[PDB]
Structures are given as C-alpha cells and as structure tokens.
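To start, the structure itself, in structure tokens.
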Amino acid sequence: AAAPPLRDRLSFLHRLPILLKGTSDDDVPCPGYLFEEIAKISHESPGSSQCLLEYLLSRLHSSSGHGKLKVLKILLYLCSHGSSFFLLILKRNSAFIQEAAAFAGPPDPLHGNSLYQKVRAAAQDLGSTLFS
C-alpha cells in the first residue's frame, strides 16, 4: 500500500485550516507562525508528508502569482525545517520547481511584471537550496 494511509488522509483534513490560511491566493503575506506549523505536519508521518506535497504542488501549479509565491516560501522553509522524507519526495517532483522558475505571462496593469519576477526569484532560491 504505497498511497498515504487513510488515517493520514484524515489527520491532514484536520490540518487544512492551517494550509488554507497560509496559501490563500491574495497579496496578504502568510503569517510567520504558520511556517513552523507546516513543518510539523511534514514530521507527523510519511503519509502526512505525501498529503502535504499533493496540496502544495497543486496550489503551486494552479494559483495566480500570489499563491505561487506563498507556496515557494513555504517549500524553502521546509528545506530547513521539514522532514527528510518530504524533501525526498519534493526532489522527485523537481519538474514543478523548474516550471515555477519559468513563470511568465502578460504584464499587470498596475504592477507590470513584478509578480512574475518575484515568483521566479523565489523558485530560483528554492532550487539553489534543494538541488545543491
């Protein structure tokens, strides 16, 4: 049984309020205290780590730049504070990090290309830590 144990699916459902607050697709920064909260989720079990990766990679791929930026900051924090297992599985999905480092699109009317720039630099920062 290689999928996350049902018990880990259920415990992760109980952690979704933490994650939803920390990755909302808006310009209000993620509160500092949620980073350690997230790291603790990854240390609960391998199954927890797998559920967490599914959530974060889904948001990274699907969100606007605002949510992508929050996910990338969370992932960089997890490089220093998350479980070794979580890092192993994130490494396996390095294609998503390369994709984020290539995020581009049409300029915003107010902010131009600054959000794209931020997102790409955060993904480069994650890559330099995770891939080195």
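If you're wondering about the labels, chains in the structure tokens are A, B, ... by order shown, residues count from 1 in each chain, ligands from 1 in order shown.
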**Message:** Can you tell me which residues surround segment 20-31 of chain A at a distance of at most 12 Å, considering only C-alpha atoms, apart from same-chain residues fewer than 4 positions away, and format the answer as a VMD selection string?
**Reply:** chain A and resid 12 to 16 35 to 38 52 55 to 60 62 to 75 115
Residues of the last selection are to be written out with N, CA, C and O atoms, as a compact mmCIF listing (two decimals), in the first residue's frame.
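So result-v5.txt came out as:
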# COMPACT_ATOMS: atom_id res chain seq x y z
N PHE A 12 -4.73 14.88 7.94
CA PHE A 12 -4.40 16.01 7.09
C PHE A 12 -5.62 16.90 6.85
O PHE A 12 -5.50 18.13 6.82
N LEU A 13 -6.80 16.29 6.67
CA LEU A 13 -8.01 17.09 6.54
C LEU A 13 -8.17 18.04 7.72
O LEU A 13 -8.62 19.18 7.55
N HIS A 14 -7.80 17.58 8.92
CA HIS A 14 -7.89 18.42 10.11
C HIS A 14 -6.87 19.55 10.12
O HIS A 14 -7.08 20.53 10.84
N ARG A 15 -5.79 19.44 9.34
CA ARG A 15 -4.79 20.49 9.22
C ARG A 15 -5.10 21.48 8.10
O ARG A 15 -4.38 22.48 7.97
N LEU A 16 -6.10 21.23 7.27
CA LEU A 16 -6.36 22.13 6.15
C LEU A 16 -6.59 23.59 6.55
O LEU A 16 -6.17 24.47 5.78
N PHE A 35 4.55 28.83 9.28
CA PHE A 35 5.65 28.09 8.67
C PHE A 35 6.07 26.88 9.50
O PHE A 35 6.13 25.80 9.00
N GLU A 36 6.28 27.10 10.79
CA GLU A 36 6.65 26.02 11.70
C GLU A 36 5.49 25.03 11.83
O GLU A 36 5.72 23.83 11.99
N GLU A 37 4.26 25.52 11.75
CA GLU A 37 3.09 24.67 11.86
C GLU A 37 3.13 23.67 10.71
O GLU A 37 2.91 22.47 10.91
N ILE A 38 3.41 24.18 9.52
CA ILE A 38 3.50 23.38 8.31
C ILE A 38 4.62 22.35 8.45
O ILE A 38 4.41 21.17 8.19
N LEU A 52 0.70 16.52 2.23
CA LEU A 52 1.17 17.90 2.19
C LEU A 52 1.75 18.24 0.82
O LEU A 52 1.48 19.32 0.28
N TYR A 55 -0.97 18.78 -1.79
CA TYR A 55 -1.63 20.07 -1.62
C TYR A 55 -0.76 21.19 -2.16
O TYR A 55 -1.22 22.05 -2.92
N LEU A 56 0.51 21.22 -1.74
CA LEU A 56 1.36 22.35 -2.11
C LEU A 56 1.65 22.37 -3.60
O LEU A 56 1.62 23.45 -4.21
N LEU A 57 1.91 21.21 -4.21
CA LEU A 57 2.17 21.21 -5.65
C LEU A 57 0.93 21.57 -6.44
O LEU A 57 1.02 22.25 -7.47
N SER A 58 -0.25 21.15 -5.97
CA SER A 58 -1.48 21.56 -6.64
C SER A 58 -1.63 23.07 -6.63
O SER A 58 -1.94 23.69 -7.66
N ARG A 59 -1.43 23.69 -5.46
CA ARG A 59 -1.53 25.14 -5.36
C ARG A 59 -0.45 25.84 -6.18
O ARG A 59 -0.70 26.89 -6.77
N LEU A 60 0.77 25.29 -6.20
CA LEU A 60 1.85 25.92 -6.95
C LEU A 60 1.51 25.97 -8.43
O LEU A 60 1.74 26.98 -9.12
N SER A 62 -1.58 25.71 -9.86
CA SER A 62 -2.88 26.29 -10.19
C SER A 62 -3.07 27.75 -9.78
O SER A 62 -3.88 28.44 -10.40
N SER A 63 -2.41 28.22 -8.73
CA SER A 63 -2.67 29.55 -8.21
C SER A 63 -2.13 30.63 -9.15
O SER A 63 -1.26 30.39 -9.99
N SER A 64 -2.65 31.84 -8.97
CA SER A 64 -2.02 33.03 -9.53
C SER A 64 -0.67 33.24 -8.85
O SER A 64 -0.29 32.51 -7.92
N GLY A 65 0.07 34.24 -9.31
CA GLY A 65 1.38 34.51 -8.76
C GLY A 65 1.39 34.65 -7.25
O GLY A 65 2.37 34.28 -6.59
N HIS A 66 0.33 35.23 -6.68
CA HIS A 66 0.31 35.46 -5.24
C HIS A 66 0.40 34.15 -4.47
O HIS A 66 1.21 34.01 -3.54
N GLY A 67 -0.44 33.18 -4.82
CA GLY A 67 -0.40 31.89 -4.16
C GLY A 67 0.85 31.10 -4.50
O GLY A 67 1.37 30.37 -3.65
N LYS A 68 1.35 31.21 -5.73
CA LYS A 68 2.59 30.53 -6.08
C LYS A 68 3.72 31.02 -5.18
O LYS A 68 4.54 30.22 -4.71
N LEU A 69 3.78 32.32 -4.95
CA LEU A 69 4.84 32.89 -4.13
C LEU A 69 4.77 32.35 -2.71
O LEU A 69 5.80 31.97 -2.13
N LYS A 70 3.57 32.28 -2.13
CA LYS A 70 3.43 31.73 -0.79
C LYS A 70 3.89 30.28 -0.73
O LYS A 70 4.62 29.88 0.18
N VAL A 71 3.48 29.46 -1.70
CA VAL A 71 3.91 28.07 -1.71
C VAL A 71 5.43 27.97 -1.79
O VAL A 71 6.05 27.15 -1.09
N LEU A 72 6.05 28.77 -2.65
CA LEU A 72 7.50 28.71 -2.81
C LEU A 72 8.22 29.09 -1.52
O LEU A 72 9.26 28.50 -1.18
N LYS A 73 7.69 30.08 -0.79
CA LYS A 73 8.28 30.44 0.50
C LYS A 73 8.12 29.30 1.51
O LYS A 73 9.03 29.01 2.29
N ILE A 74 6.96 28.65 1.51
CA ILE A 74 6.74 27.51 2.40
C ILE A 74 7.71 26.38 2.07
O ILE A 74 8.31 25.77 2.96
N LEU A 75 7.86 26.07 0.77
CA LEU A 75 8.77 25.00 0.38
C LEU A 75 10.21 25.30 0.77
O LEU A 75 10.94 24.41 1.22
N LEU A 115 5.30 40.72 -10.17
CA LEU A 115 4.88 39.47 -9.54
C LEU A 115 5.55 38.28 -10.21
O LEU A 115 6.01 37.42 -9.53
**Prompt:** Leaving out residue 98 of chain A and any residue of its chain fewer than 6 positions from it, which residues lie within 10 Å of it when counting only C-alpha atoms, given as JSON, numbers by chain?
**Reply:** {"A": [120, 123, 124, 126, 127]}
**Request:** From the DSSP assignment of the backbone, select every residue of segment 14-98 of chain A that is alpha helix (DSSP H), and format the answer as a VMD selection string.
**Result:** chain A and resid 14 to 23 33 to 44 46 to 62 65 to 81 84 to 92 94 to 98
Keeping C-alpha atoms, export the residues of the selection given above as a PDB file, in the first residue's frame.
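Printed below is part_23.pdb as written:
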ATOM      1  CA  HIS A  14      -7.891  18.415  10.113  1.00  0.00           C
ATOM      2  CA  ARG A  15      -4.795  20.491   9.217  1.00  0.00           C
ATOM      3  CA  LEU A  16      -6.355  22.132   6.152  1.00  0.00           C
ATOM      4  CA  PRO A  17      -7.288  25.352   8.046  1.00  0.00           C
ATOM      5  CA  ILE A  18      -3.551  25.964   8.631  1.00  0.00           C
ATOM      6  CA  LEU A  19      -2.722  25.376   4.978  1.00  0.00           C
ATOM      7  CA  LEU A  20      -5.660  27.323   3.546  1.00  0.00           C
ATOM      8  CA  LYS A  21      -4.709  30.366   5.615  1.00  0.00           C
ATOM      9  CA  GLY A  22      -1.035  30.071   4.620  1.00  0.00           C
ATOM     10  CA  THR A  23      -1.555  29.757   0.844  1.00  0.00           C
ATOM     11  CA  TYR A  33       3.777  31.323  12.809  1.00  0.00           C
ATOM     12  CA  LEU A  34       2.262  29.101  10.090  1.00  0.00           C
ATOM     13  CA  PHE A  35       5.652  28.090   8.668  1.00  0.00           C
ATOM     14  CA  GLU A  36       6.645  26.021  11.697  1.00  0.00           C
ATOM     15  CA  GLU A  37       3.091  24.669  11.861  1.00  0.00           C
ATOM     16  CA  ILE A  38       3.504  23.379   8.305  1.00  0.00           C
ATOM     17  CA  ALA A  39       6.910  21.881   9.050  1.00  0.00           C
ATOM     18  CA  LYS A  40       5.356  19.986  11.964  1.00  0.00           C
ATOM     19  CA  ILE A  41       2.781  18.492   9.579  1.00  0.00           C
ATOM     20  CA  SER A  42       5.581  17.058   7.446  1.00  0.00           C
ATOM     21  CA  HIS A  43       7.145  15.406  10.520  1.00  0.00           C
ATOM     22  CA  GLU A  44       3.907  13.654  11.588  1.00  0.00           C
ATOM     23  CA  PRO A  46       5.417   9.784   5.706  1.00  0.00           C
ATOM     24  CA  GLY A  47       1.733   9.747   4.787  1.00  0.00           C
ATOM     25  CA  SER A  48       1.294  13.271   6.137  1.00  0.00           C
ATOM     26  CA  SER A  49       4.247  14.401   4.042  1.00  0.00           C
ATOM     27  CA  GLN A  50       2.679  12.873   0.931  1.00  0.00           C
ATOM     28  CA  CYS A  51      -0.656  14.617   1.542  1.00  0.00           C
ATOM     29  CA  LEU A  52       1.166  17.900   2.186  1.00  0.00           C
ATOM     30  CA  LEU A  53       3.126  17.612  -1.066  1.00  0.00           C
ATOM     31  CA  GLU A  54      -0.050  16.924  -3.055  1.00  0.00           C
ATOM     32  CA  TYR A  55      -1.634  20.065  -1.619  1.00  0.00           C
ATOM     33  CA  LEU A  56       1.359  22.350  -2.106  1.00  0.00           C
ATOM     34  CA  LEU A  57       2.171  21.207  -5.648  1.00  0.00           C
ATOM     35  CA  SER A  58      -1.481  21.557  -6.645  1.00  0.00           C
ATOM     36  CA  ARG A  59      -1.534  25.141  -5.363  1.00  0.00           C
ATOM     37  CA  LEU A  60       1.846  25.925  -6.954  1.00  0.00           C
ATOM     38  CA  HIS A  61       0.643  24.807 -10.362  1.00  0.00           C
ATOM     39  CA  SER A  62      -2.880  26.287 -10.194  1.00  0.00           C
ATOM     40  CA  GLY A  65       1.385  34.506  -8.757  1.00  0.00           C
ATOM     41  CA  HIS A  66       0.309  35.461  -5.237  1.00  0.00           C
ATOM     42  CA  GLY A  67      -0.396  31.887  -4.162  1.00  0.00           C
ATOM     43  CA  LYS A  68       2.593  30.535  -6.075  1.00  0.00           C
ATOM     44  CA  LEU A  69       4.838  32.893  -4.127  1.00  0.00           C
ATOM     45  CA  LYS A  70       3.433  31.727  -0.785  1.00  0.00           C
ATOM     46  CA  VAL A  71       3.911  28.066  -1.706  1.00  0.00           C
ATOM     47  CA  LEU A  72       7.502  28.708  -2.805  1.00  0.00           C
ATOM     48  CA  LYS A  73       8.278  30.435   0.504  1.00  0.00           C
ATOM     49  CA  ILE A  74       6.738  27.512   2.401  1.00  0.00           C
ATOM     50  CA  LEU A  75       8.769  24.996   0.376  1.00  0.00           C
ATOM     51  CA  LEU A  76      12.006  26.890   1.042  1.00  0.00           C
ATOM     52  CA  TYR A  77      11.227  26.896   4.784  1.00  0.00           C
ATOM     53  CA  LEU A  78      10.621  23.141   4.604  1.00  0.00           C
ATOM     54  CA  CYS A  79      14.126  22.660   3.156  1.00  0.00           C
ATOM     55  CA  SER A  80      15.480  23.812   6.538  1.00  0.00           C
ATOM     56  CA  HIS A  81      12.728  22.616   8.911  1.00  0.00           C
ATOM     57  CA  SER A  84      13.784  14.326   5.283  1.00  0.00           C
ATOM     58  CA  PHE A  85      11.043  12.254   3.652  1.00  0.00           C
ATOM     59  CA  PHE A  86       9.222  15.378   2.495  1.00  0.00           C
ATOM     60  CA  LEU A  87      12.402  16.650   0.909  1.00  0.00           C
ATOM     61  CA  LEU A  88      12.964  13.321  -0.885  1.00  0.00           C
ATOM     62  CA  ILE A  89       9.504  13.460  -2.440  1.00  0.00           C
ATOM     63  CA  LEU A  90       9.849  17.147  -3.319  1.00  0.00           C
ATOM     64  CA  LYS A  91      13.102  16.303  -5.090  1.00  0.00           C
ATOM     65  CA  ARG A  92      11.221  13.700  -7.126  1.00  0.00           C
ATOM     66  CA  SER A  94      11.636  18.928  -9.306  1.00  0.00           C
ATOM     67  CA  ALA A  95       9.856  19.493 -12.631  1.00  0.00           C
ATOM     68  CA  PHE A  96       7.339  21.684 -10.765  1.00  0.00           C
ATOM     69  CA  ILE A  97      10.148  23.854  -9.384  1.00  0.00           C
ATOM     70  CA  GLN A  98      11.634  24.349 -12.841  1.00  0.00           C
TER      71      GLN A  98
END
**Asked** Can you list, as a PyMOL selection string, every protein, DNA or RNA residue that comes within 10 Å of residue 104 of chain A when you count only C-alpha atoms, leaving out same-chain residues fewer than 3 positions away?
**Response** chain A and resi 65+99-101+107+113+115-117+119-120
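Counting only C-alpha atoms, the residue from A:6, A:132, A:11, A:102 that sits nearest to residue 118 of chain A is A:102.
Rounded to one decimal, atom CA of residue 103 of chain A and atom CA of residue 125 of chain A lie 14.1 Å from each other.
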**Fill in**
atom CA of residue 114 of chain A sits from atom CA of residue 128 of chain A at a separation of 21.0 Å
